[PDB]
């Protein structure tokens, strides 16, 4: 079984690293783990891919990962990425393709919320960011304080809403002090449906 995955929104929209199409091969005969990857962009093979050694899983099977570094434009422009894997011990080569979705986009609304009053009794408080009404569910969310990106926050997976769109919450955990000191906290969101692909929302005490 071969699974292919799209690039990360953060990466595709310059918000970070180099974008990559990832191809994962599971259920590999512990006997013949000599799997080979062949990547194509609209059926033209490329050799810039980087394949990783296989790893053992609980079920004594193996797993191999290959990453094709790509250009943000090729993806946004709808080109098809094809990863062809011939097990060498398999009857026939296995293929999987992928490209930017095609379904109708909807940018989300972004709201930031202060720590609930009751939590103020704690030594650590939560700064919440609500991101709702978006589609597709490919998105990127991070927290900043005084312009500096933060490490202590987590995003919930995009969740399906009653109206068909997705929503999610991002929680930044900070010491009570830090919130009271009045630093500026900014919720940053990257989505194709936003004007200029992103929106920032700030708040302070």
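Residue numbers count along the first chain shown, from 1.
Taking the PDB entry as given, 79 to 87 carries the higher mean Cα B factor of the two stretches 130 to 138 and 79 to 87. Mean CA B-factor, 100 to 108 versus 120 to 128: the higher value falls on 100 to 108. Taking the deposited Cα B-factors for 163, 42, 151, 67, the highest one is held by 42. Of the candidates 174, 145, 62, 168, the deposited coordinates give 62 the top C-alpha B factor. Among the modelled residues of the chain, residue 202 sits in the lowest third by CA temperature factor in this PDB entry. Annotation for residue 16: C-alpha temperature factor in the highest third relative to the rest of the modelled chain, per the entry.
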